[PDB]
Amino acid sequence: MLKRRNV
Amino acid sequence: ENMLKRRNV
Amino acid sequence: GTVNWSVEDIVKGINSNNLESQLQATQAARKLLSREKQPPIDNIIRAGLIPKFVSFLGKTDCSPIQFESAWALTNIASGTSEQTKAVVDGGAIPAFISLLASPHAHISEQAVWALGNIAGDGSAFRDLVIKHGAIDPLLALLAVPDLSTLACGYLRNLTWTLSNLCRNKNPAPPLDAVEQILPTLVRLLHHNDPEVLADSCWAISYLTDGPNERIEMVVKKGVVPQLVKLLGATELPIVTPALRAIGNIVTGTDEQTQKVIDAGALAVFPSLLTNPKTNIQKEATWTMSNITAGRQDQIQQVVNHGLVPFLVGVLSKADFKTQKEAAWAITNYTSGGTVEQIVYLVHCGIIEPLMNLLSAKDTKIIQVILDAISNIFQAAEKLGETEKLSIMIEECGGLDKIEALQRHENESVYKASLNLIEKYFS
C-alpha cells in the first residue's frame, strides 16, 4: 500500500 | 488541533 | 461578597444547612475556578467538594446553585486526567446528562460544556459519556428548523462537545454512535459561523482518521464537496481542519480519493502548496503524496492541474518536513505513473532539487529519493535514455552524492547507491 497514513 | 478541554473563564 | 473566598470558607458554607449560604459558597468556588491563573483545582478537590457540587446539580428547585456547581465542576473537569477523573468519580456524568433537558439554557449549556470536557479526556470517558446516553439529549438540543435561531455561543459549545465525541482512536468512537451523530454533523458543516465550521471540520477530520470503513461512512454522507469548499475558506482556523479531513480521506480507497478530485480539491492546491502557514504546506504536500500514490488517471489529474510544478517548487524550497512529504509525493508518482508521465516530471525539473535533497541528514528520505531515482531510470531505460539521464544527474552533481551515499552506513542506502552507480554510470 503506497498510501501511507503518516496520520 | 483545537485542544481537548476548555475552562470557562 | 463571593470574591476571593478562601477554600475553608467555601467549605464552611457549603457545609452549613443553609441552601442560600451554600449557593453563595458554591458561587465563590466558581469564581476561584474561573480565575485568570492557577485555579485551585487540587485544593477544592482535596476539600472533598466534588460530591457536594455533583449533588447540587440535582437541586431542580434552585436552578441558581445548579448553574454555579455546573460551572464549577466544568472547570475542574477542564484540568488533568487525574482531575477530570475526580468529577467522573463523583457521579457527575449521569447528573450532567440530566441537566441537558433543563429549562434554563445557560444551565444545559454548562452541562454541554461539562460533558464536553469529560469526553475530551479520552476514549474511556468518551465512551462512558455515550453509555450514559448523552448523544440523544445533545442532538435533541439541535432539533430545530434553523440553526441560526440558536444562541451563537450555545451552538458553538454543542458543536465542540459533539466533535469531542468523535475524537480519540484507541478505540475509535462506537460505529453506531458515529452513525447517529453524522447527520447533525453534516448539517452543522453547512452553518455560517466560522467557529462552528472549524469544529465541524475537526469532528469530520477525526472520523476520517482511521480504517476505510470509517472514511466511507463519512464520504457516504456526501460532505466531500462541502469540505473542498471549506478547503478554500479564507480563515486558517477552518482551512486547517478541512485540509486534515481531505488529507485523511485520500488515504482510503481510490474510489474515495476520486471523490475529492471530482470535488475540485486539486484546484486549491497551488494556493495550499505555497501557503504561508508552514503546517498547511506540510499537510498539503502529504495529501498530494497520497494522490500521486494512486491510479494513473488520478496521477494525470495532478498533472492536468499543473501541480507537478508546485511539487518541484516544494521539493526545491520549503521546511524540511514539507520537503520530506514532497519526496514521497514524487517517489509515489514515479512508483505508479506511466512513462510519459515520469518523463514530464523530469521535464518540470524534478531532478536537481531531488538530488540536492540527498545531502539531507535523514537516512529515511535518502531512501525515498534513491528509490524515486530508480523508478525514473527504469522509465528512461524503456526509452533508451538512461545515459542522457545520467548526464543530468551528473551535471547538477547528483552522481557526486550517490557515490558518497554509496559509502553510507545504513544498508538500504549504500546498497541502493552502488547498484545505481555501476548499473547507470561507471
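Residues numbered from 1 in each chain as written, not as in the entry; some residues may be left out. Chains lettered and ligands numbered in written order. Heavy atoms only, no water. Residues with missing side-chain atoms left out of burial classes, pairs and counts.

(A) The overall build of chain C, seen in detail. Of the regular secondary structure elements, chain C holds 28 helices and zero strands. Along the first, second and third principal axes, the C-alpha atoms of chain C reach 95 × 45 × 30 Å. (Helix = DSSP H or I, 4+ residues; strand = E, 2+ residues; numbered from the N terminus.)

(B) Quick look at the arrangement of the chains. The interface with the highest contact count, out of two pairs of chains in contact, is the one between chains B and C. Separated in space, chain A and chain B share no contact, their closest pair of C-alpha atoms being 13 Å apart. (Contact = heavy atoms within 4.5 Å.)

(C) Structural context of the packing of aromatic side chains. Overall, the coordinates contain four aromatic pairs over all chains when judged by the stated rule. Look at C:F67 and C:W71: their rings are 5.7 Å apart centre to centre, the planes differ by 65°, and that puts the pair in the edge-to-face class. Residue C:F67 and its partner C:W71 are both found in helix 5 (residues 63–77); the two are separated by four residues, about one turn of the helix. Since its relative accessible area comes to 16%, C:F67 is described here as buried. Look at C:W71 and you get buried, because its relative accessible area is 12%. Relative to C:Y424, the ring of C:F377 has its centre 4.0 Å away and its plane inclined at 15°; by these criteria the two rings are stacked. Of this pair, C:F377 sits in helix 25 (residues 363–381) while C:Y424 sits in helix 28 (residues 411–424), placing them 47 residues apart in sequence. Accessibility assignment for this pair places C:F377 and C:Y424 in one class, buried. One aromatic cluster is present, built from ring pairs that chain together C:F377, C:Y424 and C:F425. The ring of C:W160 carries the charged tip of B:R6 above its face, separated from the ring centre by 4.4 Å. (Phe/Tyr/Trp six-rings, centres within 6.5 Å; stacked < 30°, edge-to-face > 60°. Buried < 20%, exposed > 50% of the residue type's maximum accessible area, 1.4 Å probe, protein only. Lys NZ or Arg CZ within 6 Å of the ring centre and 35° of its normal.)

(D) Quick peek at helix 11 (residues 152–164) of chain C. Residue and element names in this part refer to chain C. End to end, helix 11 covers 19 Å across 13 residues, agreeing with the expected 18 Å (1.5 Å per residue, within 8%). Most of helix 11 sits inside the fold, with 10 of its 13 residues counted as buried. What helix 11 keeps buried is the set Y154, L155, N157, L158, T159, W160, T161, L162, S163 and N164. Its buried side turned inward, helix 11 meets helix 8 (105–121), helix 9 (123–131), helix 10 (135–140), helix 12 (175–188) and helix 13 (194–207). (Expected span 1.5 Å × (residues − 1).)

(E) Up close: the interface of chain C and chain A. The interface is formed by 22 residues belonging to chain C together with six residues belonging to chain A. Between chain C and chain A we count one salt bridge in total. The partner of A:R4 in a salt bridge is C:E325, and the shortest N-O contact between them spans 2.7 Å. For the interface between chain C and chain A, the tally reads nine residue pairs in polar contact. When residues of the side of chain C that touches chain A are traced back to their parent elements, those giving at least two are helix 14 (212–219), helix 17 (254–263), helix 19 (278–292) and helix 22 (320–336) of chain C. Considering every element that reaches the side of chain C that touches chain A, the biggest residue donor is helix 22 of chain C, with four residues. (Salt bridge = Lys/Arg side-chain N within 4 Å of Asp/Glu carboxyl O. Polar contact = N/O pair within 3.5 Å; in protein donor to acceptor, adjacent residues only side chain to side chain.)

(F) Quick peek at the environment of C:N164. As for its position among the elements, C:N164 is in helix 11. Among all residues touching C:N164, those that are not within four sequence positions of it are B:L4, C:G116, C:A119, C:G120 and C:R126. From its side chain, C:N164 meets the backbone oxygen of B:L4 in a polar contact 3.2 Å long. Side-chain polar atoms of C:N164 contact the backbone oxygen of C:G116, separated by 2.9 Å.

(G) A look at the packing of helix 5 of chain C against helix 6 (residues 81–89) of chain C. Residues and elements named next belong to chain C. Across the interface, helix 5 lies against helix 6 with an axial gap of 7 Å and an inter-helix angle of 145°. Touching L73, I76 and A77 of helix 5 are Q83, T84 and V87, all from helix 6. Within the contact of helix 5 with helix 6, the residues separate by chemical class into four nonpolar, two polar and no charged. (Axes fitted to C-alpha atoms, helices over the stretch in contact; angles between N-to-C directions. Nonpolar A, V, L, I, M, F, W, Y, C, P; charged D, E, K, R; others polar.)

(H) Seen up close, the nonpolar core. Residue and element names in this part refer to chain C. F53, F96, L227 and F269 are the most contacted members of the largest nonpolar core, which has 150 residues in total. The element best represented in this core is helix 25, accounting for 10 residues. In this structure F53 touches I14, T26, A29, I44, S69, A72, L73 and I76, once residues within four positions along its chain are discounted. (Core = buried A, V, L, I, M, F, W, Y, C linked by side-chain atoms within 4.5 Å.)

(I) Spotlight on the pattern of salt bridges. Residue and element names in this part refer to chain C. For the coordinates displayed, the defined rule picks out 14 salt bridges over all chains. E283 is the salt-bridge partner of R244, the closest N and O atoms lying 2.7 Å from each other. Residue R244 is found in helix 16 (residues 236–249), and its partner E283 is found in helix 19; the two are separated by 39 residues along the sequence. Just as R244 is buried, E283 falls in that class too.

(J) Seen up close, empty space enclosed by the protein. All names here are of chain C. As a volume, the largest cavity reaches approximately 50 Å³. In this structure, the largest cavity is lined by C166, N168, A172, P173, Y206, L207, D209, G210 and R214. The residue inventory of the lining of the largest cavity, partitioned by class, reads five nonpolar, two polar and two charged. (1 Å grid on protein atoms, 1.4 Å probe; cavity = no way out; pocket = protein on both sides within 12 Å on 5 of 7 lines; lining within 4 Å. Points joined across faces, edges and corners; volume = space filled by probe spheres on them.)

(K) Up close: the packing of helix 15 (residues 224–231) of chain C against helix 17 of chain C. Residue and element names in this part refer to chain C. The N-to-C vectors of helix 15 and helix 17 enclose an angle of 55°; their axes lie 9 Å apart at closest approach. Regarding the angle of helix 15 to helix 17, the classification is oblique. Here helix 15 and helix 17 pass one another in a crossing that is right-handed. In this structure, helix 15 uses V224, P225 and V228 to contact helix 17, whose residues at the interface are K259, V260 and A263. Of the residues in the contact of helix 15 with helix 17, the class split is five nonpolar, no polar and one charged. (Parallel < 35°, antiparallel > 145°, perpendicular 65-115°, else oblique. Left-handed = near helix turned anticlockwise from the far one by under 90°.)

(L) Representation of the side chain of C:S417 within the structure. Residues and elements named next belong to chain C. In this fold, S417 is placed in helix 28. Separated by 3.4 Å, the side chain of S417 and the backbone nitrogen of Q406 make a polar contact. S417 has contacts with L370, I402, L405 and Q406, leaving out every residue within four places of it along the chain.

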